[PDB]
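Asks: Here is my input; please provide its structure:
(one chain, ligands or ions: 1)
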Amino acid sequence: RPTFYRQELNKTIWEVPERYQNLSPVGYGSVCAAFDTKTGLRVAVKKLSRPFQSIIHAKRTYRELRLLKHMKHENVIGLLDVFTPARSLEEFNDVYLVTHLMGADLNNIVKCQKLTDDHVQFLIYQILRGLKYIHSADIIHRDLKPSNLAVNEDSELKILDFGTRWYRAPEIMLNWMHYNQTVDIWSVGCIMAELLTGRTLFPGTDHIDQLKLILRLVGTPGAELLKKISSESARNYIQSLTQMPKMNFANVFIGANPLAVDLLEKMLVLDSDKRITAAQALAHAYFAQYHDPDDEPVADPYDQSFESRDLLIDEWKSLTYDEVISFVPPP
Ligand SMILES: O=c1[nH]c2cc(Nc3ccc(F)cc3F)cnc2n1Cc1ccccc1
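Replies: Numbers count the residues shown, from 1 in each chain. Shown next is the structure:
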């Protein structure tokens, strides 16, 4: 066991091993920037807030730990270290998580000017490469957006917080019951279109304005999609809205790579059953410069049977404590 030291940052008291130095605040948790003297890397340290205050808090603490311990992918935020100042389970009251400090997120990267097509190719390829890994473990991000994409100054990308309304899929906006993993593919399309054009694709003012902007581009549901909506009140709610066909994306993204327009067409389909997948998008000719079918790995099967269990606080805390003691750091 290493020696810990204490210091308060922005009213938050931190208890970390001496190995992590130069704590600097970055932003249900609190994140700090730090220098790992053991490896020489700049790391991000997250202190979980009130991790065992309630059953819901304890299950969320166990969920984030099991999640990060399983993700071992260069484009997915993984676990560099987990520690706690406690020496037993009865003392176990705080949890700290350490990962890479990329330096920034994709947020507001385009507010002044758009990115080149080659720059977008490299950024979107990394998101999809990590999404194929995340989806292979049967995990849906559900809420992908520029702030969930950790990026460094060389545009190397890692997906963050896996498992604003401008990047949310239409089926989630309409509160439909069934979702597949392509709800994240819709988010990537909204992100990709924003990087190419310099402007948000669907900057809706409220909830109905968000849906109305979406249906103006992708069109109202055709006959094949209407036949799959079970609720009759939901069916007439789209016939409540005005009818208009799907736009030709070539007439929307003027001056863009025709391969980029073709990829957005496959990503922004209203019917999520016909939406392109992460593995299929990696094989698109738009990523010919970066696609390597032998360097796009999938994840080990991920056990999520704990999500349907109702346990006590002391049981979730003991399960979380077992995952801390069994953590083996990466190479
Ligand atoms: O680069 C990173 N790393 C980040 C880690 C975490 N939280 C976190 C998750 C899991 C952990 F295990 C530990 C954590 F700290 C959050 N945003 C991160 N950004 C993006 C960013 C954005 C602006 C300024 C600096 C950094």
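
Asks: what's around residue 300, how many residues?
Replies: Neighbour count for residue 300, taken as other CB atoms under 10 Å: 9. All C-beta atoms are positioned from the backbone trio N, CA, C, and that covers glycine.

Asks: so it touches residue 138, yeah?
Replies: No - counting by CB atoms under 8 Å, residue 300 does not reach residue 138; the two are 11.1 Å apart.

Asks: Which stretches in this structure count as strands?
Replies: For the chain, strands defined by DSSP state E occupy the ranges 4-9, 12-17, 20-25, 29-36, 41-48, 81-83, 96-100, 104-105, 149-151, 157-159.

Asks: What are the buried residues along the second one?
Replies: For strand 12-17, the buried set under the neighbour-count rule, 16 or more other CB atoms under 10 Å, comprises 14, 16, 17.

Asks: Looking at strand pairing, list the partners for the second one.
Replies: Just to be clear, that refers to residue 16. residue 5 (DSSP bridges).

Asks: about what we covered before: what is the nearest of the buried residues of strand 12-17 to residue 210?
Replies: residue 14 (38.8 Å; CB to CB).

Asks: ok, the closest one - contacts?
Replies: 6, 7, 8, 23, 32, 45, 47 (CB atoms under 8 Å, 6 or more residues apart in numbering).

Asks: Next, format the residues you listed as a markdown table and append neighbour count and distance to residue 260.
Replies: Shown next, in a markdown table, are the contacts of residue 14 (neighbours: other CB atoms under 10 Å; distance: CB to CB, whole Å):
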| residue | neighbour count | distance to residue 260 |
| --- | --- | --- |
| 6 | 9 | 51 |
| 7 | 11 | 48 |
| 8 | 9 | 48 |
| 23 | 16 | 42 |
| 32 | 25 | 38 |
| 45 | 23 | 38 |
| 47 | 19 | 41 |
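
Asks: contacts with the ligand among those, please.
Replies: Restricting the contacts of residue 14 to those within reach of the ligand (CB under 6 Å from any ligand atom) leaves residue 45.

Asks: Closest to the ligand out of the contacts of residue 14?
Replies: Distance to the ligand across the contacts of residue 14 (CB to the nearest ligand atom) is lowest for residue 45, with 5.5 Å.

Asks: Please tell me how far the closest one sits from residue 194.
Replies: 30 Å (CB to CB, to the nearest Å).

Asks: The closest residue to residue 135 other than its chain neighbours: neighbour count?
Replies: In this structure, residue 135 finds its nearest non-sequential neighbour in residue 181, 4.5 Å apart by CB to CB, 6 or more residues apart in numbering. For residue 181, the number of neighbouring residues by other CB under 10 Å comes to 20.

Asks: again, but for residue 74
Replies: 15.

Asks: Output the set of residues of the chain in proximity to the ligand.
Replies: 26, 31, 44-46, 68, 77, 79, 97-105, 150, 160.

Asks: ok, now with 5 Å
Replies: 26, 31, 44, 46, 97, 99, 101, 102, 104, 105, 150 (CB under 5 Å from any ligand atom).

Asks: What residues does the last one make contact with?
Replies: In other words, residue 150. Residue 150 touches 77, 100, 102, 103, 104, 105, 157, 158, 159, 160, counting by CB under 8 Å, 6+ apart.

Asks: Could you find the residue in the stretch 151-300 of the chain that comes nearest to the ligand?
Replies: For the stretch 151-300 of the chain, CB to the nearest ligand atom, closest residue to the ligand: residue 160, 5.6 Å.

Asks: so what's that residue up against?
Replies: So residue 160 contacts 77, 105, 148, 149, 150 (CB under 8 Å, 6+ apart).

Asks: 10 Å instead, please
Replies: Taking CB atoms under 10 Å, 6 or more residues apart in numbering as the criterion, residue 160 is in contact with 44, 76-77, 99-100, 102, 105-106, 130, 141, 144-145, 147-151.

Asks: That one and residue 312, how far apart?
Replies: With CB to CB as the criterion, residue 160 and residue 312 are 31 Å apart.

Asks: quick one, helices of the stretch 101-250 of the chain?
Replies: 117-136, 170-173, 183-197, 207-218, 223-226, 232-240 (DSSP state H, counting those that start in this stretch).

Asks: which of these sits most buried?
Replies: Most buried of these by mean neighbour count (mean count of other CB atoms under 10 Å) is helix 183-197; its value is a mean of 24.

Asks: So which other helices or strands are in contact with that helix?
Replies: helix 117-136, helix 170-173, helix 207-218, helix 258-267, helix 278-282 (3 or more CB pairs under 10 Å, 6 or more residues apart in numbering; DSSP states H and E).
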